[PDB]
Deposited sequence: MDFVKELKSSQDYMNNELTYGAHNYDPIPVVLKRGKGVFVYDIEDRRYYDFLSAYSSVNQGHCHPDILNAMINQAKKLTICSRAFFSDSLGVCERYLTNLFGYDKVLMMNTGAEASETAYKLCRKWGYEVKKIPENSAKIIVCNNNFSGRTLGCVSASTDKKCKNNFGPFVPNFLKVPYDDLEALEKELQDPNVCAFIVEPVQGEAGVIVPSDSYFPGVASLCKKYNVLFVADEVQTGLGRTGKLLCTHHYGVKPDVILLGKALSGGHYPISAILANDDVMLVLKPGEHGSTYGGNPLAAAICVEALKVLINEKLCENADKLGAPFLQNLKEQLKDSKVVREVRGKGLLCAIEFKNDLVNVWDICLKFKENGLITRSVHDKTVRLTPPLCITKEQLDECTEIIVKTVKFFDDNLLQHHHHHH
């Protein structure tokens, strides 16, 4: 069959709740994916950083098969051997007392909200049912969520005044908003306003962490250490849904042994995959590679596109990059379709921004080729407006 047989098939038997680019993948390896007709593309989404280590990494697969032969799941009604090995590994690596393993990024957010509010009541003695969490505006009305603009220390402290605030949950760079990088001063001041007003400084590193911006934690760029870290995506090198919350004893122990719905969270298979996925990231110096290739690539891109009419701005840090377009001049869906035609696949957030986030095992020669591709694709829309 053809790519078109697959797409019609999904249209008949699957819900229509997603709107994918019309490409049908059957294989991935490192920085490349391959469609039904055996065309090859650079993957510039990386499944939103799940494959920082590259597609189908053999070491991760190996750790997977090994654990899967032994035991894939017992519930949280019992202990497994693998979970605690993972927990010890992660806490030591990142320097936190404790970790809580879950499946999805959404689970990690929701559990973080609960953790923050419960620390609010137990430790900060906030009045009942009124613990407030501060989040940023465009990225991360809804009750007891106070919204402030990103990268605005003034508006933040203004909200920290409220004694009922238990936490500020924030991304080191805003992903969904279109890759918004903060001013260098911001986070050093976030750490201060938070330490000052006795507020949990929670860093959402589900996308930004694990090498994406050059470091294990993007916050390490700003030389701050958050009270609470959220991790996900690359935790598994894409082989399994895994997420985690890291925190010290004073916050984590606020959670009590309770009766929770059944889960895959903390299962033995995920635990083994997670350790190996981070070992691969580290042993292969993938954070370093992204830290080296990143800024050059971004600057070189900013240079070659400086005269483009349709480009509004090139943004990024490490290999977390994006191009924002003037959506009054071009349709961004069409830009993505053109990238695809040109051998590079990615997707647009909102109406304006295209994500540029390749697996971190990419070589400089490959990034040069991808630069050609990006320039040629933008050129097309410039030549034809």
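* Which parts of the deposited sequence lack C-alpha coordinates? -> Residues missing from the model, as numbered along the full deposited sequence, span 1 to 7, 148 to 169, 415 to 422.
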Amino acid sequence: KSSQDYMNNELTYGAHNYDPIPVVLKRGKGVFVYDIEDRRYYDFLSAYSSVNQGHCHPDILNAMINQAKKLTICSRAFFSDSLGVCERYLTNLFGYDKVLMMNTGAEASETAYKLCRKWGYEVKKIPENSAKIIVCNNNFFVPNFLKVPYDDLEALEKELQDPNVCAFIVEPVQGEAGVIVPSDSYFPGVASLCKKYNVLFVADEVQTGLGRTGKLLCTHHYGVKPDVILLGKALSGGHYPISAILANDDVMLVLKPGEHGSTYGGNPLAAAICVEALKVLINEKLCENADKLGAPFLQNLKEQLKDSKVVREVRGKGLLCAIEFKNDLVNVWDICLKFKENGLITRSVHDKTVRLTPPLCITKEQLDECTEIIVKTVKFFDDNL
From here on, numbers count along this sequence of modelled residues.
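* Asked: On average, which has the higher Cα B-factor in the deposited entry, 20 to 28 or 366 to 374?
  -> It is 366 to 374 that shows the higher mean C-alpha B-factor.
* Which wins on mean Cα temperature factor, 47 to 55 or 350 to 358? -> Mean CA B-factor is higher for 350 to 358.
* Say you rank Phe78, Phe168, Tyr186, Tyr89 by Cα B-factor from the PDB entry; which sits at the top? -> In the PDB entry, the greatest C-alpha B-factor among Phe78, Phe168, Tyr186, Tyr89 is found at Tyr186.
* Could you say which of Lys233, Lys98, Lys158, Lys114 has its CA atom at the highest B factor, as listed in the PDB entry? => Among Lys233, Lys98, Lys158, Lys114, the highest C-alpha B-factor in the entry belongs to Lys158.
* Select lowest, middle or highest to describe the third in which the CA B-factor of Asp35 falls within its chain in this entry. => Its C-alpha B-factor, which the entry lists for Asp35, ranks in the lowest third among residues of this chain.
* Third assignment of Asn66 from its chain's C-alpha B-factors -> Middle third of the chain for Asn66's C-alpha B-factor.
* C-alpha B factor of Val173, ranked within the chain: lowest, middle or highest third? -> Middle third.
* Asked: Where does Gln299 sit by CA temperature factor within its chain: lowest, middle or highest third?
  -> Top third by C-alpha B-factor.
* Against its chain's modelled residues, does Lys317's Cα B factor rank lowest, middle or highest third? -> Lowest third.
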